[PDB]
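Values reported hereafter were calculated over all heavy atoms of this structure, with side chains retained and with hydrogens, waters and symmetry mates removed. Chain identifiers are assigned alphabetically (A, B, ...) following the order of the sequence lines, protein sequences preceding nucleic acid strands; residue numbering begins at 1 within each chain.
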Amino acid sequence: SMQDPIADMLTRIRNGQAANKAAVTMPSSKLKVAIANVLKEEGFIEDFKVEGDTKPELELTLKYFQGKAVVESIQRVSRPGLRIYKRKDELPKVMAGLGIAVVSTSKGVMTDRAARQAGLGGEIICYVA
Amino acid sequence: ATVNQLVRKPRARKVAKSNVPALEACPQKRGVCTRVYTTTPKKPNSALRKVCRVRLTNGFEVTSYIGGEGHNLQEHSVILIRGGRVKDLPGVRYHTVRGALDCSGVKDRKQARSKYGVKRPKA
RNA sequence: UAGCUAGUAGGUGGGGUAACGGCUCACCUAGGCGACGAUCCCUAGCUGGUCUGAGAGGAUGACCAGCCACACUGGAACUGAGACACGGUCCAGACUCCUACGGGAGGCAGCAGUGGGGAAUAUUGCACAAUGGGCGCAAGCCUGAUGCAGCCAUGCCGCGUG
RNA sequence: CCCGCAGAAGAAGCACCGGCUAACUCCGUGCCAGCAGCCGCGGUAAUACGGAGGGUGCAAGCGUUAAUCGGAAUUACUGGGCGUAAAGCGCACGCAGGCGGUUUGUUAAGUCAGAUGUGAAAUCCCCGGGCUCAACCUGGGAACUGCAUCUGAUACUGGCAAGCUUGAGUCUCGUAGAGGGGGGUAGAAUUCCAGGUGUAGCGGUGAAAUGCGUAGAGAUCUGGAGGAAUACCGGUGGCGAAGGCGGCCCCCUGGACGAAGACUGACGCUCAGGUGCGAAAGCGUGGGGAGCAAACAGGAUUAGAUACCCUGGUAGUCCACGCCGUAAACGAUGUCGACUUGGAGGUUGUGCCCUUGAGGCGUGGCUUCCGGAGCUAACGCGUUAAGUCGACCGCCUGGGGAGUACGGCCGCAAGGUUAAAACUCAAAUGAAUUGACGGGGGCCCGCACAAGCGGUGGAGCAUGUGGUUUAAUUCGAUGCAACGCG
RNA sequence: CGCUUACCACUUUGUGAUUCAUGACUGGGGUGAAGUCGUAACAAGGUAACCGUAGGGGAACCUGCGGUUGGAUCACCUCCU
RNA sequence: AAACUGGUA
RNA sequence: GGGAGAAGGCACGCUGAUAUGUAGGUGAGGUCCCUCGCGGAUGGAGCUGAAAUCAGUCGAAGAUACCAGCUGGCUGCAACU
Ligand SMILES: [Mg+2]
Ligand SMILES: [Mg+2]
Ligand SMILES: [Mg+2]
Ligand SMILES: [Mg+2]
Ligand SMILES: [Mg+2]
Ligand SMILES: [Mg+2]
Ligand SMILES: [Mg+2]
Ligand SMILES: [Mg+2]
Ligand SMILES: [Mg+2]
Ligand SMILES: [Mg+2]
Ligand SMILES: [Mg+2]
Ligand SMILES: [Mg+2]
Ligand SMILES: [Mg+2]
Ligand SMILES: [Mg+2]
Ligand SMILES: [Mg+2]
Ligand SMILES: [Mg+2]
Ligand SMILES: [Mg+2]
Ligand SMILES: [Mg+2]
Ligand SMILES: [Mg+2]
Ligand SMILES: [Mg+2]
Ligand SMILES: [Mg+2]
Ligand SMILES: [Mg+2]
Ligand SMILES: [Mg+2]
Ligand SMILES: [Mg+2]
Ligand SMILES: [Mg+2]
Ligand SMILES: [Mg+2]
Ligand SMILES: [Mg+2]
Ligand SMILES: [Mg+2]
Ligand SMILES: [Mg+2]
Ligand SMILES: [Mg+2]
Ligand SMILES: [Mg+2]
Ligand SMILES: [Mg+2]
Ligand SMILES: [Mg+2]
Ligand SMILES: [Mg+2]
Ligand SMILES: [Mg+2]
Ligand SMILES: [Mg+2]
Ligand SMILES: [Mg+2]
Ligand SMILES: [Mg+2]
Ligand SMILES: [Mg+2]
Ligand SMILES: [Mg+2]
Ligand SMILES: [Mg+2]
Ligand SMILES: [Mg+2]
Ligand SMILES: [Mg+2]
Ligand SMILES: [Mg+2]
Ligand SMILES: [Mg+2]
Ligand SMILES: [Mg+2]
Ligand SMILES: [Mg+2]
């Protein structure tokens, strides 16, 4: 059965990038839309759209450089069977700061840079590079 | 192995045992040289060698190898043994310490005297 | 090593301790612990720390410092503010020693030192001059704590052998 | 601590030099003596043994032994694996446990933020100071990654409350199927019994023999008894969780799939222990027993043959009720869920249509083959993944000893399950490459065979060799490729 | 003071459990230049091999039942268009 | 049809 | 199923109290019922009567006399009555 919609979303994004597709089809959710906004702001997707009331649906548009996918790598971190929470003074940085990490702080989800400059830690959702 | 499985049963480090069991980790031990053997090595080698069956002062029956050229160990003689094993000879995992206790040093030795326990020519 | 517990778990009253308490009695209830490992068996003084490792970890607890336990073996209590007491007491036990054979004594896991065991580990030394303790108004006395010295290339560091 | 006298006067050794690993020659020895941390050296030209010269490393030390960590990502939390190298339980159902779709409110446990208290000193680290420098001593700081309390945050996880339908499930109409249990019946064939005709063989092997037959076999025809299995259909077919399930008919009964429509509203996934099913062989009781066939007997083959072969033949194979619980129980691949280019088939449903047709266009379930990216040590897998991910469980840590011993549990027994240590070796192992070989296959050639002639091996003699003897019978050469050879 | 009751150490008896040594004899395992008998496996290893189970035999092994490939070799010119 | 075996380094 | 009464331990007399004789058994009178009376219910006088706890007490000895298993270990034979 389904156990991790966030992992499903990340896997779908990675598979779409590998297959060089235009957009993806998913069921929407609060974390899904929030991390989608975190991605748009970061430059990993053109745009995301949500539609439908009884069965909300979320569609993401992927980005490609001249011949390569923008999302070099993406993996889940705080797995459901093993969750991790980090301090403020220490927070993971992907590719020595070139990448970003999605962290669910008390003041909503945001990147590791934003969380560090705000001054509050939280649960690390995933790394994106 | 899943994290839950590891929680229920942690990883156990591989155990290790010394290849030269001489009581509780002693550097040398003295014995009485029960008897003197001369056995034969394995296939690639062909040369008889000087062996002794030593009875440790507070231990068991072990087999030790007498190095160098020539010795003076016969019947009962108190002698020290150290670690180290001879590959050719099976069951031999100890070396008699030449030039210690009743055991004498090797004659006319000019190189590596510290081993074999040979006094430097005074001059 | 899968079941273990009758003062066992709880309550009322009496007793007891400096103090709460099944700490201990009389009675009432059948409870309490255990797979998040009880009970049983083997091993072990614990820690700050030390070694190793980039880290996480692994090994370890020698010296110094904090806490615990013990003082030939088993048991008990007295005195005392504080002991169930290393150089106190009583009883019992093993061992050793003295004896005029009637009867008595002993406890270095305190500092030296001896026998023994082991591969292996030192002087039967000087001083209370300094620090610190006990008594004393003080002077002062005691202090194998302590300060020094003797032996060992056991370790780290430095110098020479031009 | 300072000063003065004299005088190089009193003060250097240990290991190693084949590769790892810095540093080479000679002599002695000749698989002996010896060396050796691993690979391994030494059987007359040793850089590996012993000595000498030379060189390298360290130095009042040097080397050996003992012990811990590291290297070892070789217990992998950081940070490993299970198709074939060790490793998926034979399969399934399920308690505890682990994890869990979506909408809002609330709590503030987990989580995060700030403050206070604490975390002895010494030790570690940073900046300084003093012993003639250093070791050593010492001032301040940092650290002391922790713990407790209080005050806040509410994104996520958890708790409580209220909802939703996409996960899961129920209802209606149909389909295919060796799904399972019980009962009945049919055809062919083998064997056996009775009878008829008939007469010298039958049978079996590579070739034989045993064996059967003139007391009439075998072959052939008629009648009868009994046991077992269902010939094609039959298939890169089907059903079942697995094991496994084929004549036909009846009764009872499980599962799967298709059409829409309605209903419940997270009711789910996984699962240690536990329970159930589980080929063949095997065991117990009672039946049955045609064929086949362990054991056993005889005949063959062979140097031997208690084997392969032949002639017989008991248990067993069959039935009912119990037990055993093991297989190369294999797809050597755990279950569940999501995503990811295609092509050619099989089997079973269903929708639209010029519907002319054994036709066009779609949509499901199961199943076979080939292949893209990707993965993989490679072979290969590849939408039915061994690709990208998530949840849980089982299992692995060099080879042998050993799935063995002891103990526990189970069984009537055979045995099953859980599961070590001592000791021994430096390997064991997987995939693939080149060669060689095969009592594998294909093609081809040579006086290779076949078809012929003439020979040798028989006799006498010449010559060479082996052996023997001798004072010496000089020394070589030895399958083809030595022997009228030097 | 003496006596007496309660607690209790040494000590004694009976019967169990567990563990360490040792024991006539006996089973299997490992190592060993160069012994004796056979040739079971690797090629189709000359009867394909192996797994479970049962019986048998100096020995490797053989045979029966089921299972696996982790096995080397084929509709003999005839038929389809 | 039969058709074994090959000391050690 | 047994072995097993395995083996081996503790208590045992008399007096008093709990209870002027308790738990228990039996059961008159009185009352009600009238089902039909050798009836039912209720009631309890009287009679009888263990076992146990606490305290005291005598003796060398309290199952005091008669009566009333000896126990354990190895092994041959036959299963057993
Ligand atoms: Mg009280
Ligand atoms: Mg208490
Ligand atoms: Mg490391
Ligand atoms: Mg410790
Ligand atoms: Mg007092
Ligand atoms: Mg005292
Ligand atoms: Mg003393
Ligand atoms: Mg002393
Ligand atoms: Mg001694
Ligand atoms: Mg120095
Ligand atoms: Mg070199
Ligand atoms: Mg030479
Ligand atoms: Mg490690
Ligand atoms: Mg690995
Ligand atoms: Mg399987
Ligand atoms: Mg299940
Ligand atoms: Mg959730
Ligand atoms: Mg909280
Ligand atoms: Mg300075
Ligand atoms: Mg300091
Ligand atoms: Mg500190
Ligand atoms: Mg919530
Ligand atoms: Mg149903
Ligand atoms: Mg299980
Ligand atoms: Mg059967
Ligand atoms: Mg049977
Ligand atoms: Mg039968
Ligand atoms: Mg036969
Ligand atoms: Mg198995
Ligand atoms: Mg099968
Ligand atoms: Mg198969
Ligand atoms: Mg398997
Ligand atoms: Mg393929
Ligand atoms: Mg077994
Ligand atoms: Mg067993
Ligand atoms: Mg020619
Ligand atoms: Mg010819
Ligand atoms: Mg001739
Ligand atoms: Mg010559
Ligand atoms: Mg000649
Ligand atoms: Mg010659
Ligand atoms: Mg063979
Ligand atoms: Mg064969
Ligand atoms: Mg087996
Ligand atoms: Mg032979
Ligand atoms: Mg007898
Ligand atoms: Mg009898």
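E:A33: sugar pucker south (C1'-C2'-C3'-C4' torsion negative). A positive value of the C1'-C2'-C3'-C4' torsion places the sugar of D:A121 in the northern pucker family. Evaluation of the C1'-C2'-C3'-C4' torsion of D:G195 gives a positive value and hence a north sugar. Using the sign of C1'-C2'-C3'-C4' as the criterion, D:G441 falls on the north side of the pucker cycle. A negative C1'-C2'-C3'-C4' torsion places the sugar of D:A46 in the south, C2'-endo-side range.
A close approach under 4.0 Å does not occur between any side-chain nitrogen or oxygen of B:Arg109 and OP1 or OP2 of D:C49. The shortest distance between the side-chain N/O atoms of B:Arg93 and the OP1/OP2 oxygens of D:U424 is below 4.0 Å. Between B:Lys115 and D:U65 there is no side-chain polar atom (N or O) within less than 4.0 angstrom of OP1 or OP2. Taking side-chain N and O atoms only, B:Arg113 has no distance below 4.0 Å to OP1 or OP2 of D:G51. For the pair B:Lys17 and D:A422, the criterion of a side-chain N or O lying under 4.0 Å from OP1 or OP2 is met.
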Please write out the pairs of protein N or O atoms and N or O atoms of nucleotides 18-27 of chain D separated by less than 3.5 Å, giving the distance to one decimal.
none

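Between the side chain of B:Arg49 and the base of D:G34 there is at least one donor-acceptor pair of N/O atoms closer than 3.5 Å. For a distance-only test at 3.5 Å, the side chain of B:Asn45 qualifies as a donor-acceptor partner of the base of D:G40. Side-chain to base pairing of A:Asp4 with D:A391: no donor and acceptor N or O lie closer than 3.5 Å to each other.
Looking at the side chain of A:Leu120, the nearest of the listed nucleotides D:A113, C:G118, D:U111 is D:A113.
Residues A:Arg79 and A:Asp4 are not paired through a salt bridge, judged by the lack of any N-O separation under 4.0 Å between the basic side chain and the carboxylate. The pair B:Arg49-B:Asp88 meets the salt-bridge criterion, since a charged nitrogen lies less than 4.0 angstrom from a carboxylate oxygen.
A distance of about 16 Å separates the P atoms of D:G365 and D:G240, rounded to the whole Å. Of the P atoms belonging to D:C392 and D:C324, the separation is 37 Å, rounded to the nearest Å.
Pairing for D:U118 is with D:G146, a Watson-Crick or G-U wobble pair whose two hydrogen-bonding atom distances lie under 3.5 Å. As the counterpart of D:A52, D:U25 is assigned, both hydrogen-bonding distances of the Watson-Crick or G-U wobble pattern falling under 3.5 Å. Base pairing analysis places D:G254 opposite nothing; no Watson-Crick or G-U wobble pair with both distances below 3.5 Å involves it. D:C406 is unpaired under the Watson-Crick or G-U wobble criterion, no partner having all donor-acceptor distances under 3.5 Å. Base pairing of C:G144: no nucleotide in any strand meets the Watson-Crick or G-U wobble criterion (both distances under 3.5 Å). As the counterpart of D:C156, D:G110 is assigned, both hydrogen-bonding distances of the Watson-Crick or G-U wobble pattern falling under 3.5 Å. Nucleotide G:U26 has G:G46 as its partner under the Watson-Crick or G-U criteria, with both atom distances under 3.5 Å. With both pairing distances under 3.5 Å, D:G349 is matched to D:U363 as a Watson-Crick or G-U wobble pair.
If you check the side chains of A:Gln3 and A:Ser1, you find a donor sitting under 3.5 Å from an acceptor. For the residue pair A:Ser78 / A:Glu123, a side-chain donor-acceptor distance below 3.5 Å is found, with atom types taken as modelled. Looking only at atom types and distance, the side chain of A:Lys21 has no donor-acceptor partner in the side chain of A:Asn15 under 3.5 Å away. Side-chain atoms of B:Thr34 and B:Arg53 form no donor-acceptor pair, as typed in the model, at a separation below 3.5 Å.
Residue-level contact check: A:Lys32 touches neither bases nor backbone, having no heavy atom under 4.0 Å from any strand. Here A:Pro5 lies in heavy-atom contact (under 4.0 Å) with sugar-phosphate atoms only. B:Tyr65 comes within 4.0 angstrom of sugar-phosphate atoms only, judged by non-hydrogen atoms across all strands, and of no base. Base contact: A:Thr105 has a heavy atom under 4.0 Å from a base atom. Residue-level contact check: B:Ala47 touches the bases, meaning some heavy atom is under 4.0 Å from a base atom.
For the atom pair A:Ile125 CD1 and A:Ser104 OG, the distance stands at 5.0 Å (nearest 0.5 Å).
The side-chain heavy atoms of B:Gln111 sit in the major groove, closer than 5.0 Å to at least one major-groove base atom. In this structure, A:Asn15 engages the minor groove, with at least one side-chain heavy atom under 5.0 Å from a minor-groove atom and none near the major-groove set.
A cation-pi contact, defined as under 6.0 Å to the ring centre and within 45° of the axis, is absent between A:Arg83 and A:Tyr85.
A:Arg14 places a side-chain N or O within donor-acceptor distance of the main-chain N or O of A:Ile74, the cut-off being under 3.5 Å. With B:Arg85 contributing its side chain and B:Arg93 its backbone, the two residues share no donor-acceptor pair below 3.5 Å.
Glycosidic torsion of D:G357 falls within 90° of 0, placing the base in syn.
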Base versus backbone protein contacts along nucleotides 392-402 of chain D [heavy-atom cut-off under 4.0 Å; B, S, -]:
SBBB-B-----
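With rounding to whole Å, A:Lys30 atom NZ is found 8 Å from D:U157 atom P.
In this structure D:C93 is paired with D:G274, meeting the Watson-Crick or G-U wobble definition at both distances under 3.5 Å.
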